[PDB]
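One structure is given here, and the rest of the page talks about it.
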2 protein chains.
Amino acid sequence: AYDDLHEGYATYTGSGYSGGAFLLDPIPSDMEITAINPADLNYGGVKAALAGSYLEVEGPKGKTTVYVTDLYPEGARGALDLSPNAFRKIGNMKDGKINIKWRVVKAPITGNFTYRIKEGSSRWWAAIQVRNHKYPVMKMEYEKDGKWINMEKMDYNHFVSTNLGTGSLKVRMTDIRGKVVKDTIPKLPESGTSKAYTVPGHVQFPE
Amino acid sequence: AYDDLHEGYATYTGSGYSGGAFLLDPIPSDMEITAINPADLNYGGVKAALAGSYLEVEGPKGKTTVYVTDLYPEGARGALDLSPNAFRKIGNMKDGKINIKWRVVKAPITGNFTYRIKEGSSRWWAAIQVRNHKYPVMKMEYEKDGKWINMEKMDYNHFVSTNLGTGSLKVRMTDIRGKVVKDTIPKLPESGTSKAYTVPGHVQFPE
Ligand SMILES: OC[C@H]1O[C@@H](O[C@H]2[C@H](O)[C@@H](O)[C@H](O[C@H]3[C@H](O)[C@@H](O)[C@H](O[C@H]4[C@H](O)[C@@H](O)[C@H](O)O[C@@H]4CO)O[C@@H]3CO)O[C@@H]2CO)[C@H](O)[C@@H](O)[C@@H]1O
């Protein structure tokens, strides 16, 4: 995050803008993105640890920054699958593969987290995704009865729990650096949400 | 051995015609029903094992048959909480509690199972209830990729699984006698269904 380094290879793909595994839609068509190998994605034993992170990637021709929107299933350790507009900046498009170096960097964003409540969520079971986060989200907990409960991060880039209780939810997020922030999310319905929805958050990870 | 009676105590109550734990509503008011204590309800480590079963109950003044619609949360082992139209037939209501002996009997019904697919159910997660069954439903399994998958019975008298797959769902049910029957339910919804729905079945337990 502050400092980090990875060696590997990039190729390029047209997928990941819609229907990517991390459910980060919609992604603007001009956005520089990448899919990420499973080993590096699940950093620290957390599924989709690096989902929605940003990477600076260096190729033979220069450097660029990409947003991580999708899983790269066949990728070895260190391997990335870039969007054409990113690959173009750091490599020769006449090559189908290039040597790269990359690192998690701070998100080029502004403002606070946004939360996405997956359809089917309720007090009984909920999947909560964090968006617009400056650094990878390693951990998400919510308070219930004076105790802090850990949520499992899923392959689809949402933190899940059961019996979260009623009322608004106090949550806290931990980034890849170990930085902790806290926030409150509106209450979950008694019955599974007919549709997914976003809710504005009020914190951000530190610079 | 064969078909033992269970000794216990009965009380009476007007609840269970509506809002019963087993979600068997609506129950017509002329029906003889009972709530049942949790130990006897959860026969075989299976939650709501006796839900929607029928019991013959003998009290000091006679015998009658009742439909099990609800849980008797505070009930001791052996205990039943009957509807008063049932209770009156076997005991004197001026006494609050009576000595009984009871046993599961074949349901006085006809026709096939009727399935109820709980609101919220999809191919991702489904809760499927069996109604109109001649004997307690101890087991429900569905087929996927040529394998049979056990579905956990819940306190609310539905069998539950996840990732049930696509296409029509081949299911099999097992009763308290060990009898197995097989049926087919049409494909589950693409995503969470906002209302519970009904699927008339095409099989019944033998007898
Ligand atoms: O038991 C008490 C209580 O429970 C209620 O039923 C709950 C279940 O307890 C709960 O586990 C169930 O959770 C489902 C959920 O409905 C689905 O929406 C969700 O589907 C996910 C899927 O898991 C993902 O992999 C996929 O990618 O996305 C979808 C969603 O977008 O999966 C979970 C898995 O269990 O939800 C039920 C609530 O409707 C009963 O209704 C209630 O009567 C009981 O009192």
Side-chain angles (χ1 to χ4, degrees), chain A residues 18-25 41-42 47-48 51-52 69-71 73 115-131 140 142 144 149 151-166 169 187-199, chain B residues 18-25 38 41-42 46-49 51-52 69-71 73 115-131 140 142 144 149-166 169 187-197:
Chain A
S18 169
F22 309 151
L23 306 169
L24 281 177
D25 301 16
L41 171 62
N42 304 330
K47 290 190 298 286
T69 73
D70 201 4
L71 158 70
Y115 305 104
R116 179 193 193 257
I117 319 299
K118 215 176 186 304
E119 75 287 344
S121 296
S122 69
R123 59 162 308 177
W124 302 116
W125 173 98
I128 312 182
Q129 167 185 88
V130 182
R131 298 192 172 199
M140 190 172 175
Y142 65 102
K144 182 195 179 66
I149 306 176
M151 309 167 69
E152 182 185 349
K153 209 184 190 178
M154 298 314 200
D155 281 335
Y156 50 94
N157 193 27
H158 291 58
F159 294 86
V160 162
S161 192
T162 55
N163 292 332
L164 297 91
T166 52
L169 288 164
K187 58 166 99 156
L188 303 168
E190 177 68 28
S191 316
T193 48
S194 306
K195 290 191 206 79
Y197 66 92
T198 68
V199 299
Chain B
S18 171
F22 307 151
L23 287 169
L24 293 172
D25 299 356
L41 175 64
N42 304 332
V46 171
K47 292 168 290 175
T69 66
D70 190 28
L71 167 71
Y115 310 102
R116 290 275 287 167
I117 290 66
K118 204 174 190 295
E119 72 281 352
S121 302
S122 65
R123 57 163 303 195
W124 294 118
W125 172 96
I128 306 178
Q129 171 180 84
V130 187
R131 294 184 176 200
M140 189 168 189
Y142 60 102
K144 185 169 176 246
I149 303 296
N150 200 42
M151 303 174 81
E152 175 173 356
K153 204 174 194 187
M154 301 305 190
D155 288 334
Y156 52 90
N157 188 30
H158 288 57
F159 292 92
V160 157
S161 196
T162 43
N163 306 115
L164 294 87
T166 70
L169 196 56
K187 58 181 178 187
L188 289 168
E190 64 294 323
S191 56
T193 201
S194 58
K195 299 165 171 58
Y197 69 86

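Convention: sequence-line order gives letters A, B, ...; per-chain numbering from 1. Every number for a ligand or one of its atoms is a count from 1 in the order of the listing. All values below come from the heavy atoms of this structure, side chains included, with hydrogens, waters and symmetry mates left out.
- Between B:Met140 and B:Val130, the shortest heavy-atom contact is SD-CG2, 4.2 Å.
- Of the protein's heavy atoms, A:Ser122 OG, 4.3 Å lies nearest to atom 38 (C) of ligand 1.
- Near A:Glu119, meaning under 4.0 Å from any of its heavy atoms, are these atoms of ligand 1: 30 (C), 31 (O).
- Taking only non-hydrogen atoms, the option from A:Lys118, B:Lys47, B:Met154, B:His158 nearest to atom 30 (C) of ligand 1 is A:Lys118.
- The two atoms that bring A:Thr166 and A:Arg123 nearest to each other are CG2-NH1, 3.3 Å, heavy atoms only.
- Shown here for B:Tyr156 and B:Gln129, the closest heavy-atom pair between the two residues is O-NE2, 4.3 Å.
- The ligand atoms of ligand 1 that sit less than 4.0 angstrom from a heavy atom of A:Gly120 are 16 (O), 18 (O).
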Exercise for the section: Quick one: do A:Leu41 and A:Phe22 satisfy side-chain contact (heavy atoms from CB on, under 4.5 Å)? Show the steps, please. Expected result: CA-CA 11 Å; A:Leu41 171 62; A:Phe22 309 151; 3.4 Å; yes
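- Remark: among candidates B:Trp124, B:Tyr156, A:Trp124, A:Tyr156, the nearest residue to atom 1 (O) of ligand 1 is B:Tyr156, based on non-hydrogen atoms.
- Nearest heavy-atom pair, A:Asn163 versus A:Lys144, reported as atom, atom and distance to 0.1 Å: O-NZ, 3.1 Å.
- Protein heavy atom in closest approach to atom 35 (O) of ligand 1: B:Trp125 CD1, 3.3 Å.
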